[PDB]
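One structure is given here, and the rest of the page talks about it.
Read-outs throughout are calculated quantities, based only on the coordinates presented, and are distinct from any laboratory measurement. When we count neighbours, we look across all protein chains shown, and the Cβ atoms used for this are built from the backbone with ideal geometry, even at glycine.
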Amino acid sequence: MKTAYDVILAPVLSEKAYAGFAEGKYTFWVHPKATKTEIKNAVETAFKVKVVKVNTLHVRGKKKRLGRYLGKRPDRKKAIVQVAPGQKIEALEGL
Amino acid sequence: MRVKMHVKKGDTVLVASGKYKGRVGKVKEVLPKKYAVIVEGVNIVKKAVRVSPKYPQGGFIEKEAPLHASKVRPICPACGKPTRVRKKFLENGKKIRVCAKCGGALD
Amino acid sequence: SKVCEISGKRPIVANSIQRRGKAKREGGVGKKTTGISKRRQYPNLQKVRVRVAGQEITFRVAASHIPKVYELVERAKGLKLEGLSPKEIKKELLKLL
Amino acid sequence: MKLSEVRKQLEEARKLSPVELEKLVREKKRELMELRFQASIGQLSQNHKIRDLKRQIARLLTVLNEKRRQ
RNA sequence: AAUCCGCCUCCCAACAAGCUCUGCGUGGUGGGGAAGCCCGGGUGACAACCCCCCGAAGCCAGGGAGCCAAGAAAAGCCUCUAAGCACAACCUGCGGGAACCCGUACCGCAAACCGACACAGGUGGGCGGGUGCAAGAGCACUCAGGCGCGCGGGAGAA
RNA sequence: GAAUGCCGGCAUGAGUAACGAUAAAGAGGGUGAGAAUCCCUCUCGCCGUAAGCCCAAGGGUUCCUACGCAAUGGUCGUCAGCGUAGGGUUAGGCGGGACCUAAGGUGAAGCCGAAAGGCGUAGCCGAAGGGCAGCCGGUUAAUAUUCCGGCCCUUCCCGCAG
RNA sequence: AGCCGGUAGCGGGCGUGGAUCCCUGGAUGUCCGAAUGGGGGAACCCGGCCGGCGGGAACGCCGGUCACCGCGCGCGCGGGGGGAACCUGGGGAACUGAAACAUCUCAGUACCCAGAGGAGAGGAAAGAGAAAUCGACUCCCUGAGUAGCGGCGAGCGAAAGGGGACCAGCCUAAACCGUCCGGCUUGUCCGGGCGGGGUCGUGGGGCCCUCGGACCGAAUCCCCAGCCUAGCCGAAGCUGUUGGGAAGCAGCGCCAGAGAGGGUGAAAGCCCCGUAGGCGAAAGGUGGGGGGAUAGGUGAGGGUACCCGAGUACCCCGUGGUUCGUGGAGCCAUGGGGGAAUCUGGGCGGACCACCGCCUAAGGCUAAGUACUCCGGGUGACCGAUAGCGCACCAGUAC
Ligand SMILES: [Mg+2]
Ligand SMILES: [Mg+2]
Ligand SMILES: [Mg+2]
Ligand SMILES: [Mg+2]
Ligand SMILES: [Mg+2]
Ligand SMILES: [Mg+2]
Ligand SMILES: [Mg+2]
Ligand SMILES: [Mg+2]
Ligand SMILES: [Mg+2]
Ligand SMILES: [Mg+2]
Ligand SMILES: [Mg+2]
Ligand SMILES: [Mg+2]
Ligand SMILES: [Mg+2]
Ligand SMILES: [Mg+2]
Ligand SMILES: [Mg+2]
Ligand SMILES: [Mg+2]
Ligand SMILES: [Mg+2]
Ligand SMILES: [Mg+2]
Ligand SMILES: [Mg+2]
Ligand SMILES: [Mg+2]
Ligand SMILES: [Mg+2]
Ligand SMILES: [Mg+2]
Ligand SMILES: [Mg+2]
Ligand SMILES: [Mg+2]
Ligand SMILES: [Mg+2]
Ligand SMILES: [Mg+2]
Ligand SMILES: [Mg+2]
Ligand SMILES: [Mg+2]
Ligand SMILES: [Mg+2]
Ligand SMILES: [Mg+2]
Ligand SMILES: [Mg+2]
Ligand SMILES: [Mg+2]
Ligand SMILES: [Mg+2]
Ligand SMILES: [Mg+2]
Ligand SMILES: [Mg+2]
Ligand SMILES: [Mg+2]
Ligand SMILES: [Mg+2]
Ligand SMILES: [Mg+2]
Ligand SMILES: [Mg+2]
Ligand SMILES: [Mg+2]
Ligand SMILES: [Mg+2]
Ligand SMILES: [Mg+2]
Ligand SMILES: [Mg+2]
Ligand SMILES: [Mg+2]
Ligand SMILES: [Mg+2]
Ligand SMILES: [Mg+2]
Ligand SMILES: [Mg+2]
Ligand SMILES: [Mg+2]
Ligand SMILES: [Mg+2]
Ligand SMILES: [Mg+2]
Ligand SMILES: [Mg+2]
Ligand SMILES: [Mg+2]
Ligand SMILES: [Mg+2]
Ligand SMILES: [Mg+2]
Ligand SMILES: [Mg+2]
Ligand SMILES: [Mg+2]
Ligand SMILES: [Mg+2]
Ligand SMILES: [Mg+2]
Ligand SMILES: [Mg+2]
Ligand SMILES: [Mg+2]
Ligand SMILES: [Mg+2]
Ligand SMILES: [Mg+2]
Ligand SMILES: [Mg+2]
Ligand SMILES: [Mg+2]
Ligand SMILES: [Mg+2]
Ligand SMILES: [Mg+2]
Ligand SMILES: [Mg+2]
Ligand SMILES: [Mg+2]
Ligand SMILES: [Mg+2]
Ligand SMILES: [Mg+2]
Ligand SMILES: [Mg+2]
Ligand SMILES: [Mg+2]
Ligand SMILES: [Mg+2]
Ligand SMILES: [Mg+2]
Ligand SMILES: [Mg+2]
Ligand SMILES: [Mg+2]
Ligand SMILES: [Mg+2]
Ligand SMILES: [Mg+2]
Ligand SMILES: [Mg+2]
Ligand SMILES: [Mg+2]
Ligand SMILES: [Mg+2]
Ligand SMILES: [Mg+2]
Ligand SMILES: [Mg+2]
Ligand SMILES: [Mg+2]
Ligand SMILES: [Mg+2]
Ligand SMILES: [Mg+2]
Ligand SMILES: [Mg+2]
Ligand SMILES: [Mg+2]
Ligand SMILES: [Mg+2]
Ligand SMILES: [Mg+2]
Ligand SMILES: [Mg+2]
Ligand SMILES: [Mg+2]
Ligand SMILES: [Mg+2]
Ligand SMILES: [Mg+2]
Ligand SMILES: [Mg+2]
Ligand SMILES: [Mg+2]
Ligand SMILES: [Mg+2]
Ligand SMILES: [Mg+2]
Ligand SMILES: [Mg+2]
Ligand SMILES: [Mg+2]
Ligand SMILES: [Mg+2]
Ligand SMILES: [Mg+2]
Ligand SMILES: [Mg+2]
Ligand SMILES: [Mg+2]
Ligand SMILES: [Mg+2]
Ligand SMILES: [Mg+2]
Ligand SMILES: [Mg+2]
Ligand SMILES: [Mg+2]
Ligand SMILES: [Mg+2]
Ligand SMILES: [Mg+2]
Ligand SMILES: [Mg+2]
Ligand SMILES: [Mg+2]
Ligand SMILES: [Mg+2]
Ligand SMILES: [Mg+2]
Ligand SMILES: [Mg+2]
Ligand SMILES: [Mg+2]
Ligand SMILES: [Mg+2]
Ligand SMILES: [Mg+2]
Ligand SMILES: [Mg+2]
Ligand SMILES: [Mg+2]
Ligand SMILES: [Mg+2]
Ligand SMILES: [Mg+2]
Ligand SMILES: [Mg+2]
Ligand SMILES: [Mg+2]
Ligand SMILES: [Mg+2]
Ligand SMILES: [Mg+2]
Ligand SMILES: [Mg+2]
Ligand SMILES: [Mg+2]
Ligand SMILES: [Mg+2]
Ligand SMILES: [Mg+2]
Ligand SMILES: [Mg+2]
Ligand SMILES: [Mg+2]
Ligand SMILES: [Mg+2]
Ligand SMILES: [Mg+2]
Ligand SMILES: [Mg+2]
Ligand SMILES: [Mg+2]
Ligand SMILES: [Mg+2]
Ligand SMILES: [Mg+2]
Ligand SMILES: [Mg+2]
Ligand SMILES: [Mg+2]
Ligand SMILES: [Mg+2]
Ligand SMILES: [Mg+2]
Ligand SMILES: [Mg+2]
Ligand SMILES: [Mg+2]
Ligand SMILES: [Mg+2]
Ligand SMILES: [Mg+2]
Ligand SMILES: [Mg+2]
Ligand SMILES: [Mg+2]
Ligand SMILES: [Mg+2]
Ligand SMILES: [Mg+2]
Ligand SMILES: [Mg+2]
Ligand SMILES: [Mg+2]
Ligand SMILES: [Mg+2]
Ligand SMILES: [Mg+2]
Ligand SMILES: [Mg+2]
Ligand SMILES: [Mg+2]
Ligand SMILES: [Mg+2]
Ligand SMILES: [Mg+2]
Ligand SMILES: [Mg+2]
Ligand SMILES: [Mg+2]
Ligand SMILES: [Mg+2]
Ligand SMILES: [Mg+2]
Ligand SMILES: [Mg+2]
Ligand SMILES: [Mg+2]
Ligand SMILES: [Mg+2]
Ligand SMILES: [Mg+2]
Ligand SMILES: [Mg+2]
Ligand SMILES: [Mg+2]
Ligand SMILES: [Mg+2]
Ligand SMILES: [Mg+2]
Ligand SMILES: [Mg+2]
Ligand SMILES: [Mg+2]
Ligand SMILES: [Mg+2]
Ligand SMILES: [Mg+2]
Ligand SMILES: [Mg+2]
Ligand SMILES: [Mg+2]
Ligand SMILES: [Mg+2]
Ligand SMILES: [Mg+2]
Ligand SMILES: [Mg+2]
Ligand SMILES: [Mg+2]
Ligand SMILES: [Mg+2]
Ligand SMILES: [Mg+2]
Ligand SMILES: [Mg+2]
Ligand SMILES: [Mg+2]
Ligand SMILES: [Mg+2]
Ligand SMILES: [Mg+2]
Ligand SMILES: [Mg+2]
Ligand SMILES: [Mg+2]
Ligand SMILES: [Mg+2]
Ligand SMILES: [Mg+2]
Ligand SMILES: [Mg+2]
Ligand SMILES: [Mg+2]
Ligand SMILES: [Mg+2]
Ligand SMILES: [Mg+2]
Ligand SMILES: [Mg+2]
Ligand SMILES: [Mg+2]
Ligand SMILES: [Mg+2]
Ligand SMILES: [Mg+2]
Ligand SMILES: [Zn+2]
């Protein structure tokens, strides 16, 4: 069955993602098929906040090899939610 | 469906062939994919280890080399003789290994 | 060109044989074939329009089975055909075959 | 998860109702996300927990399905 | 069907206006801001931000004239009424909420595209500064910017 | 033992021709096991209706950073569009879709054809044409009309008023 | 009794309370694909209706549902697409051979198309063809390279009969009887559905008199044996010696319904895996064998002369099929024209006629014996990495 916890996969860990916490912008890896609207809801019910803005972008898998064997990593989508003025997502403030 | 192993961890086996013919020991391990058993203190080999956290001071370690399972014979816990194994059905009727010399269970 | 909705008569392939010379039976040396090539013989298809149940039904039918259309119309009387589409009438009609 | 814990889980689940089953999957799907988040920052040494939870959820939804099937 | 559109008649208006849409200027405000000098950044700086000239192929635009070869459709949009419905509905103004999916890196006259090659070839559109030469997108030099072309060093025969 | 045989390997030509525009180089400093070839500075030269800049195709990570130099680079290589890893592409207003039609395609009705299939007013699809609301600046190593700031705007839902 | 695939490692777990693994059944099963809500450059996009989630009306997500065609009274059922060969049907070449070439050949092959299915086709005489005979069909041997066909060239090439494999026969239409429904030109009507009846070549049936009054039995259904999809039991050797290693050599034994074969440090009946001989299914599949049921089946004179498959037979024209290439050219089939009869009817026995015989057209089905090999297994005087499949290897890949 579909729950918010199916839509939010993992937090994005990088200099750039962390830089957002200050202004209330949390960046998650979400399921590649999930809509801004649905991510807004998912984040709201999982981290008890008010999502105000949602930015999403697709992230192509990097082609990578192991010896003879060429391949690709999985494609991912990342979402950047803006919580309402003053709120916070403590699980991410983290760090 | 499964490899047939006539021997197991850690019944007591006679090593009947190879450099260590005659030795007796517990089966420390059974490796069915390779069809092999590790017998305690049988088939020792000198392996080089790099100077590493796991082994500072480096040099060498001793390891037990696996034996092809066919080289090994369980020793019967009743008669103390090395034996072929037979199956006997109990009343359960679970089945068990029994020595082929006397009739004793081998577990 | 095509198929009789009644008899099922289809276009068939026939050879067209060209011959030359005098038949033996007429004292000639015999007939020589100077060509064979395939051709088709079509059914003599024509249109028959009929009113049945105040609707205009039309059949594409080989001339030999032109009377079989009208015979179908006759057997049609025992049928509850009014209100139906002309596709529907023709189906019922045809089913009577 | 231990084999006996698995039987235990099934017996207990089977006693539940659909609605109770749904509530509980949601809770487990939630508990998995935490595991994920922890796994991703290198703070889950106990990583077998992930395969575990995932199968619990499977067992549960499996049983939810059982109920609703007839 | 129509109060619309077309056609006929009459009255007032008419190189006016009015109304309406756009361009440009201004405009609360917000920004930027050199050389040089110190190690992309600081400073210069409270930076100054003004006048005159040139001036488009761009804009006002659906402008104007001429010509013959006589120069898309459909929706948006306005209007007309039909079933309906007229506590509805639509218009205008205000307020609150709502606003999805895909692309977006980088090359792009080329060492990343088409040419088996980091190939003197091929590749559509826009910008393309200054001076002089009658003009120019020509030519020379040169700004911004970018390069010296991924073997070199000598020698100084045919 | 021969088929200008087939497949493979290795010779010869030969340290030979060549190293791909005659725009052009020089020095000092740095780095490193190693430097004409990488970084920095100064000097010199070339392009400048381009050999600069921006879009669209096509390409598909080649972008940025760290660590590397076996091979790839016509030489070298400490460098690189190369190896490994990590990061990086953020939109109601840009583009396309939830709008329109063009050729053409497809195709209720319908027509035709041994089978396969061919046609066909409507309709539907089909755009680099029509329609449609975003400008200036700041910020990153790397994205920005997308984030931020400032000032503007569009549609949909609901409501209130007229 | 180990295990968390190839796959070791870091980091963690599970298993005699029976894991991993194997077989069967079930659940889950994003998107595309016949692809089927609609669109589309397959794997993306965009909807309607019902229900649900969120603060939820806009927005978005979740569940269900929505293509078209056919058949049957909106609803039911079905179709669609794939499959290596095999099969039928609808179309159908050429090189080549003829030492040139046209008829002829190649060949009804290659190939395209449709369709089936585990086979398909064919099948229960309007047969054969000379026997006073045979007795559905299919398939093998033979008949026979015969008969014949043939620019009587090149070439092509039957059938009956005999021996075998398998074995099986049925259902209808019509007459006539009953019933419902419909028509307008009111019934002794005509027509359509359904039921009854009937099914054949010594002709059979219908109707009307006379007489007579249980056995067979499925190709459908049910049960079961047997089979498949995992498995399991399975005899007998120790010691010495050379040697890295014994299974070699030596000594003394033993099993054998098992001395097939493969492994084990070299060369092993007795170490391992096996082998002979046996055993095994809760579940799914099969079940042509066994059993049972059901459908269905079955008389004799006499009279009547009602019925016995129509654009059909039949004749002519044009063609194909057959061994038959226009030939003395019948037969089977049919594109065109003409066009009957119901047993005193019709077709056939190679033009035609007579005689003498054979057979009953114009409706349908029908196991088996036969073809094939994607798949599983067994076996090779088959290959052994330039071989053997294109591929022993991550190949229909790189390129
Ligand atoms: Mg699911
Ligand atoms: Mg940063
Ligand atoms: Mg996106
Ligand atoms: Mg986006
Ligand atoms: Mg992967
Ligand atoms: Mg066993
Ligand atoms: Mg010993
Ligand atoms: Mg057991
Ligand atoms: Mg002719
Ligand atoms: Mg003649
Ligand atoms: Mg004569
Ligand atoms: Mg002739
Ligand atoms: Mg007519
Ligand atoms: Mg005719
Ligand atoms: Mg006629
Ligand atoms: Mg389990
Ligand atoms: Mg009118
Ligand atoms: Mg009026
Ligand atoms: Mg202005
Ligand atoms: Mg203004
Ligand atoms: Mg400044
Ligand atoms: Mg400065
Ligand atoms: Mg200052
Ligand atoms: Mg100062
Ligand atoms: Mg004009
Ligand atoms: Mg038009
Ligand atoms: Mg339209
Ligand atoms: Mg009204
Ligand atoms: Mg508003
Ligand atoms: Mg949508
Ligand atoms: Mg961008
Ligand atoms: Mg860019
Ligand atoms: Mg470049
Ligand atoms: Mg650029
Ligand atoms: Mg050029
Ligand atoms: Mg250009
Ligand atoms: Mg460039
Ligand atoms: Mg190139
Ligand atoms: Mg290249
Ligand atoms: Mg170069
Ligand atoms: Mg070039
Ligand atoms: Mg050009
Ligand atoms: Mg000038
Ligand atoms: Mg000049
Ligand atoms: Mg000049
Ligand atoms: Mg100039
Ligand atoms: Mg020039
Ligand atoms: Mg410069
Ligand atoms: Mg140069
Ligand atoms: Mg010289
Ligand atoms: Mg020779
Ligand atoms: Mg040569
Ligand atoms: Mg040569
Ligand atoms: Mg050769
Ligand atoms: Mg050779
Ligand atoms: Mg060769
Ligand atoms: Mg060679
Ligand atoms: Mg050489
Ligand atoms: Mg030399
Ligand atoms: Mg030379
Ligand atoms: Mg020379
Ligand atoms: Mg030379
Ligand atoms: Mg060259
Ligand atoms: Mg030279
Ligand atoms: Mg060069
Ligand atoms: Mg050069
Ligand atoms: Mg020159
Ligand atoms: Mg130096
Ligand atoms: Mg260098
Ligand atoms: Mg160097
Ligand atoms: Mg230098
Ligand atoms: Mg150089
Ligand atoms: Mg440099
Ligand atoms: Mg120049
Ligand atoms: Mg210039
Ligand atoms: Mg490429
Ligand atoms: Mg790469
Ligand atoms: Mg970049
Ligand atoms: Mg890179
Ligand atoms: Mg780079
Ligand atoms: Mg570096
Ligand atoms: Mg290198
Ligand atoms: Mg190198
Ligand atoms: Mg080197
Ligand atoms: Mg390396
Ligand atoms: Mg190289
Ligand atoms: Mg090199
Ligand atoms: Mg090169
Ligand atoms: Mg270095
Ligand atoms: Mg490079
Ligand atoms: Mg790189
Ligand atoms: Mg914005
Ligand atoms: Mg736009
Ligand atoms: Mg919408
Ligand atoms: Mg569209
Ligand atoms: Mg359209
Ligand atoms: Mg078409
Ligand atoms: Mg059209
Ligand atoms: Mg439309
Ligand atoms: Mg457009
Ligand atoms: Mg446009
Ligand atoms: Mg738009
Ligand atoms: Mg603006
Ligand atoms: Mg950039
Ligand atoms: Mg960036
Ligand atoms: Mg903004
Ligand atoms: Mg009001
Ligand atoms: Mg693994
Ligand atoms: Mg470990
Ligand atoms: Mg472990
Ligand atoms: Mg059990
Ligand atoms: Mg299964
Ligand atoms: Mg999903
Ligand atoms: Mg699908
Ligand atoms: Mg679809
Ligand atoms: Mg479609
Ligand atoms: Mg709803
Ligand atoms: Mg909310
Ligand atoms: Mg809602
Ligand atoms: Mg949601
Ligand atoms: Mg849905
Ligand atoms: Mg739906
Ligand atoms: Mg089909
Ligand atoms: Mg099929
Ligand atoms: Mg055929
Ligand atoms: Mg056909
Ligand atoms: Mg044919
Ligand atoms: Mg065929
Ligand atoms: Mg042809
Ligand atoms: Mg020929
Ligand atoms: Mg040939
Ligand atoms: Mg010949
Ligand atoms: Mg010839
Ligand atoms: Mg010849
Ligand atoms: Mg010739
Ligand atoms: Mg020929
Ligand atoms: Mg031939
Ligand atoms: Mg032929
Ligand atoms: Mg073939
Ligand atoms: Mg098919
Ligand atoms: Mg069979
Ligand atoms: Mg059959
Ligand atoms: Mg059949
Ligand atoms: Mg019969
Ligand atoms: Mg003979
Ligand atoms: Mg002759
Ligand atoms: Mg022939
Ligand atoms: Mg004959
Ligand atoms: Mg025979
Ligand atoms: Mg026979
Ligand atoms: Mg047989
Ligand atoms: Mg009747
Ligand atoms: Mg009647
Ligand atoms: Mg009746
Ligand atoms: Mg009779
Ligand atoms: Mg039957
Ligand atoms: Mg055994
Ligand atoms: Mg044994
Ligand atoms: Mg020794
Ligand atoms: Mg021994
Ligand atoms: Mg001996
Ligand atoms: Mg034997
Ligand atoms: Mg043997
Ligand atoms: Mg052997
Ligand atoms: Mg060895
Ligand atoms: Mg021997
Ligand atoms: Mg031997
Ligand atoms: Mg052996
Ligand atoms: Mg046996
Ligand atoms: Mg056996
Ligand atoms: Mg009688
Ligand atoms: Mg009669
Ligand atoms: Mg008859
Ligand atoms: Mg008939
Ligand atoms: Mg004829
Ligand atoms: Mg013929
Ligand atoms: Mg003749
Ligand atoms: Mg004939
Ligand atoms: Mg005919
Ligand atoms: Mg007769
Ligand atoms: Mg007669
Ligand atoms: Mg006949
Ligand atoms: Mg005849
Ligand atoms: Mg005759
Ligand atoms: Mg006859
Ligand atoms: Mg006969
Ligand atoms: Mg049949
Ligand atoms: Mg049978
Ligand atoms: Mg058969
Ligand atoms: Mg077979
Ligand atoms: Mg096989
Ligand atoms: Mg061999
Ligand atoms: Mg090889
Ligand atoms: Mg090979
Ligand atoms: Mg070899
Ligand atoms: Mg193979
Ligand atoms: Mg190979
Ligand atoms: Mg490969
Ligand atoms: Zn014992």
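Things to note:
- When you restrict to C-alpha pairs under 8 Å that are six or more residues apart and normalise by the size of chain A, the relative contact order lands at 32 percent.
- The phi torsions of region B:80-92, fed into the Karplus equation with coefficients 6.51, -1.76 and 1.60 and a -60° offset, translate into couplings of x, 9, x, 8, 5, 9, 10, 10, 9, 8, 7, 7, 3 Hz, rounded to whole numbers, with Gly and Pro shown as x.
- Distance in nm between pseudo-label sites at B:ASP107 and A:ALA22 (7 Å out along the Cβ direction from Cα): 6.7 nm
- Loop-located trypsin sites (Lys or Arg not before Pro) across chain D with a Cβ neighbour count of 15 or fewer within 10 Å are D:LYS2, D:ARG69, with loop assigned by DSSP.
- Electrostatic bookkeeping for B:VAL30 treats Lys and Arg as +1 and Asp and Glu as -1; over the other residues with beta carbon under 11 Å from its beta carbon, the sum is +3.
- Taking the helices alone, the protein assembly as shown has a mean residue ellipticity at 222 nm of -8500 deg cm²/dmol, built from -39,500 (n - 2.57) per DSSP H run of at least 4 residues and averaged over all its residues.
- Taken over region C:18-86, the percentage of Cα pairs per 10 Å bin, counting from 0 up to the bin with the maximum distance, is 17, 26, 15, 12, 13, 12, 5, 0.
- Rounded to the nearest whole Hz, the Karplus-based 3J(HN,Hα) values (6.51 cos²θ - 1.76 cosθ + 1.60, θ = phi - 60°) of region B:26-36 follow the sequence 7, 7, 5, 7, 10, 10, x, 3, 7, 6, 9, with x at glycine and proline.
- Remark on A:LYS77: its backbone amide H falls under 5 Å from those of A:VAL30, A:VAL59, a criterion applied only to residues 5 or more positions apart or on other chains, H modelled at 1.01 Å from N.
- Candidates per trypsin sites (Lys or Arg not before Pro) in chain A, loop by DSSP, up to 12 other Cβ within 10 Å: A:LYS2, A:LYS33, A:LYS48, A:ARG60, A:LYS62, A:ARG68
- Where chymotrypsin sites (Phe, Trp or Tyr not before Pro) fall in DSSP loop in region B:33-107, at most 16 other Cβ within 10 Å: B:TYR35
- Pairs from C:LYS9/C:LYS80; A:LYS33/A:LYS78; B:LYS8/B:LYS87; A:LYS16/A:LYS63; B:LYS4/B:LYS95 whose Cα-Cα separation, in the structure shown, is over 21 Å: C:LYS9/C:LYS80; A:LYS16/A:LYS63
- By the equivalent-ellipsoid construction on the alpha carbon gyration tensor, region D:11-70 comes out with semi-axes of 27, 10, 8 Å, ordered largest to smallest.
- In this structure the amide hydrogen of C:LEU96, modeled in the peptide plane, comes within under 5 Å of no amide hydrogen from residues 5 or more places off or on another chain.
- Relative contact order (percent, whole number), chain B, Cα cutoff 8 Å, 6+ residue spacing: 21 percent
- Placed amide H near B:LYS28: partners under 5 Å, 5+ positions off or other chain: B:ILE38, B:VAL39, B:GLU40
- Against the empirical curve 2.2 N^0.38 Å, the C-alpha radius of gyration of region B:3-107 lands at a ratio of 1.31.
- Estimated inter-spin distance, A:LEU95 and B:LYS95, nm [label 7 Å along Cα→Cβ]: 6.3 nm
- Inter-centroid distance (Cα atoms) of region D:11-70 relative to region C:36-97, Å: 69 Å
- Shielding score for D:35-43, defined as the mean number of other chain Cβ atoms within 10 Å: 3
- Exceedance of the 28 Å cut-off in Cα-Cα distance is limited, within the set A:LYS40/D:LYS15; B:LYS63/D:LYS2; C:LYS2/C:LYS87; B:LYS47/D:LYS49; A:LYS48/D:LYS49, to A:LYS40/D:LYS15; B:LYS63/D:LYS2; B:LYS47/D:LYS49.
- In this label model, B:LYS54 and C:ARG60 are separated by 8.3 nm, measuring between points 7 Å along each Cα→Cβ vector.
- Extension gain, B:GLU29 back to B:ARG84 (0.36 nm per residue minus Cα-Cα distance, nm): 17.8 nm
- Given in Å, the Rg to one decimal and the Dmax to the nearest whole number for the Cα atoms of chain A are 14.7, 52.
- Calculated over the protein assembly as shown: convex hull of Cα atoms, volume per residue (Å³): 593 Å³
- Rounded to whole numbers, the Karplus 3J(HN,Hα) couplings from phi for region D:44-58 are 10, 6, 8, 6, 4, 4, 6, 4, 4, 5, 4, 6, 4, 4, 4 Hz, using 6.51 cos²θ - 1.76 cosθ + 1.60 with θ = phi - 60°, and x at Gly and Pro.
- Fewest-first sequence of B:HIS68, A:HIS31 by Cβ atoms within 10 Å of each Cβ: B:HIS68, A:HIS31
- Cβ-derived FRET efficiency at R0 51 Å, C:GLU74 paired with C:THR34, nearest 0.05: 0.50
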